[PDB]
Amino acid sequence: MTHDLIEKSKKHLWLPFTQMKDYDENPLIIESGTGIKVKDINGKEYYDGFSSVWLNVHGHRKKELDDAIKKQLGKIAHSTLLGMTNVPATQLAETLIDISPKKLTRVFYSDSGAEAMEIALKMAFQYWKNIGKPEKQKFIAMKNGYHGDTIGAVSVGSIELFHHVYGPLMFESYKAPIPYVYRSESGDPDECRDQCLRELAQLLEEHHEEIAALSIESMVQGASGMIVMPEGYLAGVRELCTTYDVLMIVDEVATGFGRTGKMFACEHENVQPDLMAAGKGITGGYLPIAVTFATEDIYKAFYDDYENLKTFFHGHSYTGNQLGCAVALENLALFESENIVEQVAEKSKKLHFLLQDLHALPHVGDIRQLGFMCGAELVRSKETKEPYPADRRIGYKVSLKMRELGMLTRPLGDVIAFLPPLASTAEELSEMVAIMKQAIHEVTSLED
């Protein structure tokens, strides 16, 4: 009836980033969403406290967004961008160029964030080959960094739950140290920033001639536990990259489009990427579209007569999908007409105090926040900062507790993520912090 839908799900599906024995024990099937809440096939409603995995902006069944896709259906759903283009993709490219960092003048589409990162890495590799510098073939990427699941993006990721096993498949990369101030040693953001930059510079001084690009998440590392970079760090990596002739790839797939209370997160420190990835909330969270921005200097390294062999030979079949681009176009009009970014910045002030209060809980160790990008790191001892053994599944148990309490999210290890939709109201925010607090306590007061 809907009983059968549940059994079908367990019989035919294989779900991303999930142990299916876990799914089969606690299955959940979503049927509709309205505002910032989704509804399962039984009629239970849940706050979407993780924005459907960090991509949902205006909430669900956002009226203008729905209208924008109906309008485009009435014209054409998809025609190709291989050797040509279409209207919404071209319009969107100009709108994207207008709001991104000033040095990024080019828009290369694809389907997902891993793909946009996969394209940034290939662009950066082929640039140096193109301009007669074929030795520049290694990458630097940051520890605790994550850039997607395909093999290039994996070669540049460093979350060892996900990646360690795939080492034989990975290309040659250096891993640079980032600040993780919470379980640091001095606990000072300036000291941690300066030490990690010092070590970046020494790595660069020794090997830059072999290195095409450096990859880094913009301001906040997400899959690693919503670890926010100390002030001045990102701008410090930009300078080091410029100085040692390494292209800087900035990953904005999670932080992009208002998430950190700027349109793009590298605005906090005014950094200009050479290459920049984006996805998730670009479409409001409706459809798979992704982008790699490039500078003009990069673009023209590939512009030449065709048998001069400059061409970038990459491109997915759905590249520039009109349906995706149309809803992205409306999304960005909503940012403008709603003043979304400003409202996120305002609402994050009070949210700040709401989140700092969780510290009152015995097993909450750290609270991290930049805008609407937050994590509560759970700890078996605040004093110690010693974490619970992984085998007690504390983050997992907390997610399940929140779920029965009517709120959806996913933990990053024992870090409880909180990335509520950008349209979230001040009262919705406090209603979600309250459920999260209740859940952490109920689970954690028993150290399950």
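From 1 onward, residues are counted along the sequence shown.
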Practice item. Please work out which of 382-390 and 405-413 has the higher mean CA B-factor as recorded in the PDB entry. Key: 382-390
Study note, to complete from the structure: For 350-358 versus 212-220, entry-based mean Cα B-factors point to 350-358
Review point. Of the options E118, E252, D305, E377, which has the highest CA B factor as deposited?
Key: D305
Practice item. Return the residue from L309, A153, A328, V364 that has the highest Cα B-factor in the entry. Key: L309
Check your understanding: Among the chain's modelled residues, which third holds the C-alpha B-factor of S32?
Key -> lowest
Practice item. Going by the recorded CA B-factors, say which third of the chain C241 sits in, lowest, middle or highest. Key: middle
Point to revise | Chain third (lowest, middle, highest) by recorded CA B-factor, residue given as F139 | key: middle
Review point. Is the Cα B-factor recorded for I41 in the lowest, middle or highest third of its chain?
Key: middle
Review point. Sorting the chain's CA B-factors, does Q438 end up in the lowest, middle or highest third?
Key: highest
